[PDB]
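Below, in structure tokens: the form deposited in one PDB entry, a single chain.
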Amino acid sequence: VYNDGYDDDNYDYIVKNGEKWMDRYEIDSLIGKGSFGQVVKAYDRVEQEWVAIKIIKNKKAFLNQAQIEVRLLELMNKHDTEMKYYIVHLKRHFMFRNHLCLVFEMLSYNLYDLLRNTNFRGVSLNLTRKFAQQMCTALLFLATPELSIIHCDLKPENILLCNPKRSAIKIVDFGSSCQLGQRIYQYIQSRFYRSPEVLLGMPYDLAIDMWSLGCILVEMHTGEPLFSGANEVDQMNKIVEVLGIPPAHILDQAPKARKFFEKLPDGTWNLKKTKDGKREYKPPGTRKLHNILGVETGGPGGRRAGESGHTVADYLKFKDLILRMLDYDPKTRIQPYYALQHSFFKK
């Protein structure tokens, strides 16, 4: 028996359709599972609305981290400006049957579900621009000095539509987030969206979220992850195919440089030597975003040829923004305020 029969063997609450909690919430059903717990849909009798309840796993390490999440959600939800409306709203939280429960405003499907719905053809450049703009505005809000919040797990599954037929989005899952100067983990971010500084074991700041955004925006237009590594070695090799070897000044300070690269007597770096015969990656920097995006050939896979809103000029602007978001140097990587001034967003 776990938690007196209330929990399964993975620390999760065994959800039961129709259950009424605290003479207030009427559980409709389980609507998602993840590493930190479950999200159920529930009707709130007192406020008379549908809400999403995240039931955190009944396990100390999960509980203690989720408490950092709550503090951050409360700090974001109360901070004064209107940019705060890109962040999901925590309505309240309580303990129930030894689980921490967070009650959220109801939202629709995530950006991954949207892509799946197009059969991974990708969404239009116009829709991509709308998501990009909203996300940069969310990132500008997190960068406001009082908050200085690093999300740490930006990816299509954590950006949700408010309404399934409309373009407005919100960011969820601050379960791994921290504030600048309160960093506690080293292996963070989903692998495909993971930044080079984290791969390399280096100190990291808010710039890691802009790296993830760049990866996300390409994926949303092409339908396909930009850097789809099966593990860390493979993830760094895939980044290198597109962007080249990272600059000497970063690798010279990187504790995990030698997991992926080796230093030559001249002071320059290469990828680590591999078995004779064993070709697997394109040579450094020869997989061009120019071709992935199909800038001059009708978009990703030619699928946008002779469509409105997908001109060569449009694509050149989009490509420039993306490369500025995928700068290897977290100190010169484009910051949210300047990204919003990019010609890609001109009216």
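Each form is matched to the other, and the largest set of C-alpha atoms that superpose within 1.5 Å is called the rigid core. Position 1 is the first residue in the sequence shown; the rest follow in order.
Missing here is the form deposited in another entry; even so, the following discussion is about that form.
- In the core-aligned comparison between the shown form and the other one, the C-alpha of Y85 is the only one from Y85, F104, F261, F94 that shifts by 2 Å or more.
- Comparing the forms between the shown form and the other one, the C-alpha position of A248 differs by less than 2 angstroms, with the core used for superposition.
- In this overlay on the rigid core, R183 has a C-alpha that sits 2 Å or more away from its partner position between the shown form and the other one.
- CA of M83 to CA of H89: closer by 3 Å or more in the other entry than in the shown form.
- Annotation for the pair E82/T137: C-alpha atoms recede from each other in the other entry, by 3 Å or more compared with this form.
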